[PDB]
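Everything below belongs to data-v2.txt, which stores compact mmCIF, C-alpha atoms and all ligand atoms.
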```
# COMPACT_ATOMS: atom_id res chain seq x y z
CA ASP A 154 59.90 -90.87 -47.77
CA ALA A 155 57.95 -87.98 -49.21
CA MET A 156 54.24 -88.79 -49.51
CA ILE A 157 51.39 -86.98 -51.19
CA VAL A 158 47.77 -88.10 -51.24
CA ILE A 159 45.44 -86.56 -53.85
CA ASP A 160 41.66 -86.99 -54.51
CA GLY A 161 40.19 -87.77 -57.95
CA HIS A 162 40.61 -84.19 -59.22
CA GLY A 163 44.32 -84.03 -58.53
CA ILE A 164 43.89 -81.84 -55.48
CA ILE A 165 46.44 -82.50 -52.73
CA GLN A 166 44.83 -83.71 -49.48
CA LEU A 167 47.89 -84.67 -47.35
CA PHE A 168 51.50 -83.46 -47.85
CA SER A 169 53.91 -85.28 -45.51
CA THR A 170 56.71 -83.30 -43.83
CA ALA A 171 59.53 -84.69 -46.02
CA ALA A 172 57.55 -83.62 -49.10
CA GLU A 173 57.75 -80.08 -47.64
CA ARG A 174 61.54 -80.36 -47.52
CA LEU A 175 61.67 -81.93 -50.99
CA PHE A 176 59.33 -79.55 -52.79
CA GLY A 177 59.68 -76.38 -50.71
CA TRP A 178 55.91 -75.99 -50.29
CA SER A 179 54.57 -76.10 -46.78
CA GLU A 180 51.66 -78.31 -45.74
CA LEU A 181 49.03 -75.58 -45.59
CA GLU A 182 50.30 -74.21 -48.92
CA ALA A 183 50.19 -77.60 -50.64
CA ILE A 184 46.84 -78.83 -49.41
CA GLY A 185 44.18 -77.43 -51.67
CA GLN A 186 46.59 -77.04 -54.57
CA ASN A 187 46.42 -79.37 -57.59
CA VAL A 188 49.33 -81.84 -57.79
CA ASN A 189 50.38 -80.34 -61.15
CA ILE A 190 52.03 -77.48 -59.20
CA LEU A 191 54.73 -80.13 -58.69
CA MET A 192 55.68 -80.72 -62.30
CA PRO A 193 56.84 -78.69 -65.28
CA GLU A 194 55.15 -78.29 -68.65
CA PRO A 195 53.92 -80.01 -70.66
CA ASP A 196 52.78 -82.41 -67.87
CA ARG A 197 51.45 -79.65 -65.56
CA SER A 198 48.71 -78.63 -68.05
CA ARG A 199 48.01 -82.18 -69.10
CA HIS A 200 48.30 -83.95 -65.72
CA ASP A 201 44.53 -83.59 -65.07
CA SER A 202 43.79 -85.18 -68.46
CA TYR A 203 46.07 -88.12 -67.59
CA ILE A 204 44.06 -88.62 -64.39
CA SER A 205 40.82 -88.16 -66.38
CA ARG A 206 41.93 -90.74 -68.91
CA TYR A 207 42.31 -93.21 -66.07
CA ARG A 208 39.03 -92.38 -64.32
CA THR A 209 37.03 -93.04 -67.48
CA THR A 210 38.94 -95.93 -69.05
CA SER A 211 39.60 -97.77 -65.76
CA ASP A 212 42.83 -98.76 -67.51
CA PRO A 213 45.96 -98.41 -65.31
CA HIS A 214 48.97 -96.87 -67.04
CA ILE A 215 51.15 -96.05 -64.06
CA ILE A 216 49.25 -97.46 -61.03
CA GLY A 217 51.37 -99.84 -58.97
CA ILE A 218 54.16 -99.23 -61.51
CA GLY A 219 57.04 -97.15 -60.16
CA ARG A 220 58.21 -94.40 -62.62
CA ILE A 221 61.02 -91.87 -62.84
CA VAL A 222 59.79 -88.33 -63.55
CA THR A 223 60.71 -84.70 -63.14
CA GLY A 224 59.47 -82.84 -60.10
CA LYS A 225 59.60 -79.05 -59.73
CA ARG A 226 60.58 -77.29 -56.53
CA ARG A 227 58.99 -74.05 -55.35
CA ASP A 228 62.08 -72.10 -56.50
CA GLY A 229 61.35 -73.31 -60.02
CA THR A 230 64.17 -75.93 -60.14
CA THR A 231 63.39 -79.36 -61.63
CA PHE A 232 64.75 -82.73 -60.34
CA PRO A 233 64.34 -86.42 -61.06
CA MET A 234 62.31 -88.58 -58.69
CA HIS A 235 61.02 -92.08 -58.50
CA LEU A 236 57.26 -92.18 -57.90
CA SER A 237 55.00 -95.11 -57.03
CA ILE A 238 51.26 -94.70 -57.02
CA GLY A 239 48.89 -96.70 -54.89
CA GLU A 240 45.17 -96.23 -55.55
CA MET A 241 42.76 -96.18 -52.63
CA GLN A 242 39.14 -95.36 -51.83
CA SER A 243 37.58 -93.57 -48.89
CA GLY A 244 34.08 -92.25 -48.37
CA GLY A 245 33.04 -93.41 -51.81
CA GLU A 246 35.57 -91.35 -53.71
CA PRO A 247 38.96 -92.49 -55.05
CA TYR A 248 42.29 -91.23 -53.62
CA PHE A 249 45.86 -91.62 -54.88
CA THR A 250 49.02 -91.91 -52.83
CA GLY A 251 52.39 -91.06 -54.25
CA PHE A 252 55.65 -92.10 -52.62
CA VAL A 253 58.50 -90.02 -53.85
CA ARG A 254 62.21 -90.92 -53.55
CA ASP A 255 64.59 -88.12 -54.45
CA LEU A 256 67.09 -89.07 -57.15
CA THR A 257 68.97 -85.76 -57.52
CA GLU A 258 71.99 -87.25 -55.72
CA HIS A 259 71.95 -90.36 -57.97
CA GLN A 260 71.71 -88.16 -61.06
CA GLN A 261 74.61 -85.92 -59.93
CA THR A 262 76.91 -88.82 -59.02
CA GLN A 263 76.14 -90.37 -62.41
CA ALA A 264 76.92 -87.16 -64.29
CA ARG A 265 80.11 -86.80 -62.29
CA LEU A 266 81.36 -90.35 -63.00
CA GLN A 267 80.52 -89.56 -66.64
CA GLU A 268 82.53 -86.34 -66.56
CA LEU A 269 85.59 -88.05 -65.04
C1 LIG A 301 55.25 -84.57 -59.39
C2 LIG A 301 55.74 -85.08 -60.73
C3 LIG A 301 54.75 -85.78 -61.61
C4 LIG A 301 54.81 -85.95 -62.94
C5 LIG A 301 55.88 -85.48 -63.90
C6 LIG A 301 53.73 -86.80 -63.31
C7 LIG A 301 53.47 -87.17 -64.60
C8 LIG A 301 52.46 -87.97 -65.02
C9 LIG A 301 52.24 -88.46 -66.36
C10 LIG A 301 53.18 -88.15 -67.54
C11 LIG A 301 51.12 -89.19 -66.35
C12 LIG A 301 50.57 -90.04 -67.49
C13 LIG A 301 51.49 -91.21 -67.78
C14 LIG A 301 50.94 -92.21 -68.80
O1 LIG A 301 49.68 -92.17 -69.01
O2 LIG A 301 51.71 -93.04 -69.26
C15 LIG A 301 50.63 -89.19 -64.95
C16 LIG A 301 49.51 -89.83 -64.46
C17 LIG A 301 48.98 -89.73 -63.16
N1 LIG A 301 49.65 -89.18 -62.11
FE1 LIG A 301 51.29 -88.18 -62.20
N2 LIG A 301 52.96 -87.10 -62.20
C18 LIG A 301 53.56 -86.45 -61.16
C19 LIG A 301 53.18 -86.66 -59.82
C20 LIG A 301 52.08 -87.32 -59.38
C21 LIG A 301 51.74 -87.45 -57.96
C22 LIG A 301 52.65 -86.95 -56.81
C23 LIG A 301 50.64 -88.13 -57.82
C24 LIG A 301 50.17 -88.71 -56.43
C25 LIG A 301 48.75 -89.15 -56.21
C26 LIG A 301 50.24 -88.54 -59.21
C27 LIG A 301 49.18 -89.26 -59.63
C28 LIG A 301 48.86 -89.51 -60.96
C29 LIG A 301 47.70 -90.22 -61.40
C30 LIG A 301 46.59 -90.73 -60.50
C31 LIG A 301 47.78 -90.30 -62.75
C32 LIG A 301 46.98 -91.13 -63.65
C33 LIG A 301 47.62 -92.51 -63.74
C34 LIG A 301 47.34 -93.37 -64.90
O3 LIG A 301 46.84 -92.84 -65.95
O4 LIG A 301 47.60 -94.54 -64.75
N3 LIG A 301 51.17 -87.96 -60.15
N4 LIG A 301 51.47 -88.47 -64.17
```
Now, as a test, write the supplied structure out as C-alpha cells.
Amino acid sequence: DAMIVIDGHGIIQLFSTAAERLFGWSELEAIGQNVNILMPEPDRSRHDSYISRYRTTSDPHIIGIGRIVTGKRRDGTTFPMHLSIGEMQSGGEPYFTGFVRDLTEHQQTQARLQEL
C-alpha cells in the first residue's frame, strides 16, 4: 500500500509510488519535506511535538497500534486513512515507517448506506 519512512525529526526519507498517487506529491517533492505536510491543523503544527513526546518519554502511544486519521492531499482535500507505524533504527538514528490504507471509499459507501 502507500508507505512513508521518516527520520526522527519527521522528515520524509522514502515516499513509495502509491503514496504519490494517494497524496498527490511526487517522490522528489515529498522527500525532504516534514510529514506534517500530510495532515491538517491542528495536527500539522503539533505533529513534531507528538514525535518529540515519544523520543523523550520512550512511551509508545501509537507505535504498532493501527489508527484511523485524516490525511490531506496536495489539492487541499482531506480523507480518512488507516495508518500503522513500525519503528526501526538504521545508522544509529531512529526511523519510522507508516503504512497507509485509503479509506475514502469505505467512508463514502458508509455515508451512502446511511443516506438511503
Ligand atoms: C498523515 C496523517 C497523520 C496524522 C493525522 C497523524 C497524527 C498523529 C497524532 C495525532 C499523533 C499523536 C497521537 C497520540 O499521541 O495519541 C501522532 C504521532 C506520531 N506520528 Fe503521526 N500522523 C500522521 C501521519 C504520520 C506518518 C505518515 C508517519 C510515518 C512515519 C507518522 C509517525 C508518527 C510518529 C512517529 C508519531 C509519534 C508516535 C507516538 O507518540 O507514539 N505519522 N501522529
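Relative to atom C8 of ligand LIG 301 (chain A), atom CA of residue 193 of chain A is found at 10.3 Å.
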Nearest to residue 225 of chain A, chosen from A:268, A:255, A:160, A:154, with all atoms listed in the file counted in the distances: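 Among the listed residues, the smallest separation from residue 225 of chain A belongs to A:255.
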Pull the closest atom pair for each residue of chain A that gets at most 6 Å from ligand LIG 301 (chain A), along with the distance in Å to one decimal, counting only C-alpha atoms and all ligand atoms, ordering rows by chain and then ascending residue number, as a Markdown table.
```
| residue | atom | partner | partner_atom | distance |
| --- | --- | --- | --- | --- |
| A:157 | CA | A:LIG301 | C24 | 5.7 |
| A:158 | CA | A:LIG301 | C25 | 5.2 |
| A:159 | CA | A:LIG301 | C25 | 4.8 |
| A:191 | CA | A:LIG301 | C1 | 4.5 |
| A:192 | CA | A:LIG301 | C2 | 4.6 |
| A:196 | CA | A:LIG301 | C10 | 5.8 |
| A:200 | CA | A:LIG301 | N4 | 5.7 |
| A:203 | CA | A:LIG301 | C12 | 4.9 |
| A:204 | CA | A:LIG301 | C32 | 3.9 |
| A:207 | CA | A:LIG301 | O3 | 4.5 |
| A:213 | CA | A:LIG301 | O4 | 4.2 |
| A:214 | CA | A:LIG301 | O4 | 3.5 |
| A:215 | CA | A:LIG301 | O4 | 3.9 |
| A:216 | CA | A:LIG301 | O4 | 5.0 |
| A:222 | CA | A:LIG301 | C5 | 4.9 |
| A:223 | CA | A:LIG301 | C5 | 5.0 |
| A:224 | CA | A:LIG301 | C2 | 4.4 |
| A:249 | CA | A:LIG301 | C25 | 4.0 |
| A:250 | CA | A:LIG301 | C25 | 4.4 |
| A:251 | CA | A:LIG301 | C24 | 3.9 |
```
Radius query 7 Å about (38.4, -88.6, -60.7), atoms used: only C-alpha atoms, as a ChimeraX atom specification: /A:161-162,204-205,208,247
Residues near residue 186 of chain A, cut-off 9 Å, all atoms listed in the file, skip fewer than 5 positions along chain, as number ranges by chain: A: 163-166
Residues of the last selection are to be written out with C-alpha atoms, as a compact mmCIF listing (two decimals), keeping the file's coordinate frame.
```txt
# COMPACT_ATOMS: atom_id res chain seq x y z
CA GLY A 163 44.32 -84.03 -58.53
CA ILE A 164 43.89 -81.84 -55.48
CA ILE A 165 46.44 -82.50 -52.73
CA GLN A 166 44.83 -83.71 -49.48
```
Counting all atoms listed in the file, the option among A:155, A:233, A:221, A:240 closest to residue 177 of chain A: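 Closest candidate: A:155.
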d(atom CA of residue 248 of chain A, atom CA of residue 198 of chain A) in Å: 20.2 Å
Distance query residue 226 of chain A at most 8 Å, all atoms listed in the file, self and fewer than 4 positions along chain excluded, as a list in words: residues 175, 176, 177, 178, 191, 230, 231 and 232 of chain A
Between atom CA of residue 197 of chain A and atom CA of residue 156 of chain A - distance in Å to one decimal: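 Computed distance, atom CA of residue 156 of chain A to atom CA of residue 197 of chain A, equals 18.7 Å.
The smallest atom-to-atom distance between residue 253 of chain A and any of A:172, A:188, A:181, A:218, using only C-alpha atoms, is found for A:172.
You can rank A:170, A:195, A:252, A:257 by their closest distance to residue 236 of chain A using all atoms listed in the file, and at the top of that list sits A:252.
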Among listed residues A:184, A:217, A:202, A:256, nearest residue 237 of chain A (using all atoms listed in the file):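 Using all atoms listed in the file, the shortest distance to residue 237 of chain A belongs to A:217.
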When you get a chance, write out N, CA, C and O atoms for segment 165-186 of chain A, as a PDB file, keeping the file's coordinate frame.
```
ATOM      1  N   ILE A 165      45.665 -81.930 -53.826  1.00  0.00           N
ATOM      2  CA  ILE A 165      46.440 -82.500 -52.730  1.00  0.00           C
ATOM      3  C   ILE A 165      45.593 -82.471 -51.434  1.00  0.00           C
ATOM      4  O   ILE A 165      44.986 -81.467 -51.102  1.00  0.00           O
ATOM      5  N   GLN A 166      45.581 -83.581 -50.716  1.00  0.00           N
ATOM      6  CA  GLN A 166      44.830 -83.710 -49.480  1.00  0.00           C
ATOM      7  C   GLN A 166      45.724 -83.851 -48.245  1.00  0.00           C
ATOM      8  O   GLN A 166      45.359 -83.362 -47.188  1.00  0.00           O
ATOM      9  N   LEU A 167      46.916 -84.430 -48.415  1.00  0.00           N
ATOM     10  CA  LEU A 167      47.890 -84.670 -47.350  1.00  0.00           C
ATOM     11  C   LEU A 167      49.276 -84.520 -47.972  1.00  0.00           C
ATOM     12  O   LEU A 167      49.548 -85.128 -48.987  1.00  0.00           O
ATOM     13  N   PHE A 168      50.148 -83.736 -47.349  1.00  0.00           N
ATOM     14  CA  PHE A 168      51.500 -83.460 -47.850  1.00  0.00           C
ATOM     15  C   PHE A 168      52.352 -83.800 -46.626  1.00  0.00           C
ATOM     16  O   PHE A 168      52.234 -83.134 -45.590  1.00  0.00           O
ATOM     17  N   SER A 169      53.126 -84.884 -46.694  1.00  0.00           N
ATOM     18  CA  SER A 169      53.910 -85.280 -45.510  1.00  0.00           C
ATOM     19  C   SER A 169      54.985 -84.215 -45.254  1.00  0.00           C
ATOM     20  O   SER A 169      55.239 -83.375 -46.145  1.00  0.00           O
ATOM     21  N   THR A 170      55.667 -84.290 -44.110  1.00  0.00           N
ATOM     22  CA  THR A 170      56.710 -83.300 -43.830  1.00  0.00           C
ATOM     23  C   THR A 170      57.962 -83.375 -44.687  1.00  0.00           C
ATOM     24  O   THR A 170      58.549 -82.330 -44.994  1.00  0.00           O
ATOM     25  N   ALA A 171      58.334 -84.562 -45.160  1.00  0.00           N
ATOM     26  CA  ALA A 171      59.530 -84.690 -46.020  1.00  0.00           C
ATOM     27  C   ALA A 171      59.224 -84.053 -47.374  1.00  0.00           C
ATOM     28  O   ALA A 171      60.131 -83.495 -48.034  1.00  0.00           O
ATOM     29  N   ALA A 172      57.973 -84.210 -47.823  1.00  0.00           N
ATOM     30  CA  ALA A 172      57.550 -83.620 -49.100  1.00  0.00           C
ATOM     31  C   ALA A 172      57.788 -82.113 -49.026  1.00  0.00           C
ATOM     32  O   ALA A 172      58.262 -81.527 -50.006  1.00  0.00           O
ATOM     33  N   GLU A 173      57.546 -81.521 -47.846  1.00  0.00           N
ATOM     34  CA  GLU A 173      57.750 -80.080 -47.640  1.00  0.00           C
ATOM     35  C   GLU A 173      59.207 -79.766 -47.933  1.00  0.00           C
ATOM     36  O   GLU A 173      59.505 -78.852 -48.703  1.00  0.00           O
ATOM     37  N   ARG A 174      60.106 -80.524 -47.305  1.00  0.00           N
ATOM     38  CA  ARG A 174      61.540 -80.360 -47.520  1.00  0.00           C
ATOM     39  C   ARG A 174      61.898 -80.545 -48.997  1.00  0.00           C
ATOM     40  O   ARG A 174      62.554 -79.711 -49.600  1.00  0.00           O
ATOM     41  N   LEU A 175      61.391 -81.606 -49.592  1.00  0.00           N
ATOM     42  CA  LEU A 175      61.670 -81.930 -50.990  1.00  0.00           C
ATOM     43  C   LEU A 175      61.144 -80.938 -52.032  1.00  0.00           C
ATOM     44  O   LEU A 175      61.830 -80.589 -52.988  1.00  0.00           O
ATOM     45  N   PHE A 176      59.922 -80.470 -51.844  1.00  0.00           N
ATOM     46  CA  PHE A 176      59.330 -79.550 -52.790  1.00  0.00           C
ATOM     47  C   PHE A 176      59.427 -78.065 -52.412  1.00  0.00           C
ATOM     48  O   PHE A 176      59.397 -77.201 -53.286  1.00  0.00           O
ATOM     49  N   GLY A 177      59.595 -77.775 -51.136  1.00  0.00           N
ATOM     50  CA  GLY A 177      59.680 -76.380 -50.710  1.00  0.00           C
ATOM     51  C   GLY A 177      58.368 -75.859 -50.147  1.00  0.00           C
ATOM     52  O   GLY A 177      58.356 -75.069 -49.187  1.00  0.00           O
ATOM     53  N   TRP A 178      57.265 -76.361 -50.701  1.00  0.00           N
ATOM     54  CA  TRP A 178      55.910 -75.990 -50.290  1.00  0.00           C
ATOM     55  C   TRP A 178      55.620 -76.491 -48.900  1.00  0.00           C
ATOM     56  O   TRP A 178      56.069 -77.581 -48.499  1.00  0.00           O
ATOM     57  N   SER A 179      54.917 -75.682 -48.128  1.00  0.00           N
ATOM     58  CA  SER A 179      54.570 -76.100 -46.780  1.00  0.00           C
ATOM     59  C   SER A 179      53.282 -76.904 -46.912  1.00  0.00           C
ATOM     60  O   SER A 179      52.645 -76.910 -47.972  1.00  0.00           O
ATOM     61  N   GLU A 180      52.857 -77.488 -45.803  1.00  0.00           N
ATOM     62  CA  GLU A 180      51.660 -78.310 -45.740  1.00  0.00           C
ATOM     63  C   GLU A 180      50.402 -77.527 -46.107  1.00  0.00           C
ATOM     64  O   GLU A 180      49.670 -77.895 -47.026  1.00  0.00           O
ATOM     65  N   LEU A 181      50.160 -76.451 -45.360  1.00  0.00           N
ATOM     66  CA  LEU A 181      49.030 -75.580 -45.590  1.00  0.00           C
ATOM     67  C   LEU A 181      49.019 -75.018 -47.013  1.00  0.00           C
ATOM     68  O   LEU A 181      47.961 -74.843 -47.610  1.00  0.00           O
ATOM     69  N   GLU A 182      50.196 -74.725 -47.555  1.00  0.00           N
ATOM     70  CA  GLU A 182      50.300 -74.210 -48.920  1.00  0.00           C
ATOM     71  C   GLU A 182      49.956 -75.278 -49.971  1.00  0.00           C
ATOM     72  O   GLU A 182      49.379 -74.980 -51.034  1.00  0.00           O
ATOM     73  N   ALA A 183      50.410 -76.503 -49.721  1.00  0.00           N
ATOM     74  CA  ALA A 183      50.190 -77.600 -50.640  1.00  0.00           C
ATOM     75  C   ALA A 183      48.733 -78.017 -50.675  1.00  0.00           C
ATOM     76  O   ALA A 183      48.102 -78.033 -51.729  1.00  0.00           O
ATOM     77  N   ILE A 184      48.220 -78.398 -49.517  1.00  0.00           N
ATOM     78  CA  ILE A 184      46.840 -78.830 -49.410  1.00  0.00           C
ATOM     79  C   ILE A 184      45.932 -77.829 -50.083  1.00  0.00           C
ATOM     80  O   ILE A 184      46.003 -76.637 -49.796  1.00  0.00           O
ATOM     81  N   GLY A 185      45.077 -78.314 -50.964  1.00  0.00           N
ATOM     82  CA  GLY A 185      44.180 -77.430 -51.670  1.00  0.00           C
ATOM     83  C   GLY A 185      44.702 -77.097 -53.059  1.00  0.00           C
ATOM     84  O   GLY A 185      43.954 -76.605 -53.905  1.00  0.00           O
ATOM     85  N   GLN A 186      45.993 -77.295 -53.277  1.00  0.00           N
ATOM     86  CA  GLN A 186      46.590 -77.040 -54.570  1.00  0.00           C
ATOM     87  C   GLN A 186      46.575 -78.341 -55.383  1.00  0.00           C
ATOM     88  O   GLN A 186      46.632 -79.449 -54.807  1.00  0.00           O
TER      89      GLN A 186
END
```
